[PDB]
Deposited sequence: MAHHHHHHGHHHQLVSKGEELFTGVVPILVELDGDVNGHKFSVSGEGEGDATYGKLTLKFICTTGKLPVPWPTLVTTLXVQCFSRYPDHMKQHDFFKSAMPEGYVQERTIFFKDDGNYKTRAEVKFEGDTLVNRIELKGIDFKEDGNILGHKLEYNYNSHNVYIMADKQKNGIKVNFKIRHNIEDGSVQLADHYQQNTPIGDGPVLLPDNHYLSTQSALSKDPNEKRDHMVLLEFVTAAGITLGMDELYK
């Protein structure tokens, strides 16, 4: 397909987020590369306003599902690439169990050769000494299933999944994700049958970087059809 051809090689990625969580304003800028042939993302994110007021792991899902590997037999179900280059709007509510929530609105599209994710995040009702504002979450990341269904009413998709963030005491901080994507073009998109993405992410630090930052390596594969 048209969208599909844009992802056959390595594509540069830019991520720009503006955030306000319980009145704590911040910005994050990210750069890296995606190679959808292998479901692979490598990015480095910098908090450009100083110290990030939430834990880095809580931003991973917000900070380009077009880089998922769709098996050849599932390629007709790849909404994300089908929307390109004009792109899509991705909206979420993320409910942190026994704590606040993020609401996000992003536009993902090509700007020239570069795949760009521009995001607005608003966080409310957080406890100032909870796991998020209290910075009680481990700097690591678990592997998840991301469930996708068509939303024909909006020529888009609905997505839901549960992120488990490890707490420093050994417990888990659940983050329930509800998501919708809709194309920016008037152009056609692939509306998928039910399926899921299998994800894994590894978080690290650049030992030479003194700014507050996150290095991310991610692999994602579409599944659940045969």
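Asker: According to the record, which stretches of the deposited sequence lack C-alpha coordinates?
Answerer: According to the deposited record, C-alpha coordinates are absent for 1-15, 79, 243-250, which together make up the missing parts.
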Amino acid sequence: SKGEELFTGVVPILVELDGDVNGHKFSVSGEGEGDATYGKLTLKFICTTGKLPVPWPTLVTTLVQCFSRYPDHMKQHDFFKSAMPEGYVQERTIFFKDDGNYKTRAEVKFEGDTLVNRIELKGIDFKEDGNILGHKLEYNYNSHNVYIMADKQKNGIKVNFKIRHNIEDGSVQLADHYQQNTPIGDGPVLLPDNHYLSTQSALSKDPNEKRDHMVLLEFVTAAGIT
From here on, numbers count along this sequence of modelled residues.
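Asker: Per the record, averaged over C-alpha atoms, which has the higher B-factor: 7-15 or 205-213?
Answerer: On average, C-alpha B-factors are higher across 205-213.
Asker: Which of the two stretches, 100-108 or 152-160, shows the higher mean Cα temperature factor in the record?
Answerer: That would be 152-160.
Asker: Just grab whichever of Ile94, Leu115, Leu133, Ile119 has the top CA B-factor as deposited.
Answerer: Across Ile94, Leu115, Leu133, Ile119, the entry lists the biggest C-alpha B-factor for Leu133.
Asker: What third of the chain, by the recorded C-alpha B-factor, contains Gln90?
Answerer: For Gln90, whose C-alpha B-factor we compare with every modelled residue in the chain, the answer is the lowest third.
Asker: For the chain shown, is the CA B-factor of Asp193 in the lowest, middle or highest third of its modelled residues?
Answerer: Answer is highest: the recorded C-alpha B-factor places it there.
Asker: Report the third (lowest, middle or highest) to which the CA temperature factor of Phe80 belongs, ranking only the modelled residues of the same chain.
Answerer: Lowest third, going by the recorded CA B-factors of the chain.
Asker: Among all modelled residues of this chain, ranked by Cα B factor, put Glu33 in the bottom, middle or top third, i.e. lowest, middle or highest.
Answerer: For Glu33, the deposited C-alpha B-factor lands in the middle third.
Asker: Looking at the temperature factor on the CA atom of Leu174, which third of the chain's modelled residues does it land in?
Answerer: As the PDB entry reports it, the C-alpha B-factor of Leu174 lands in the middle third of its chain.
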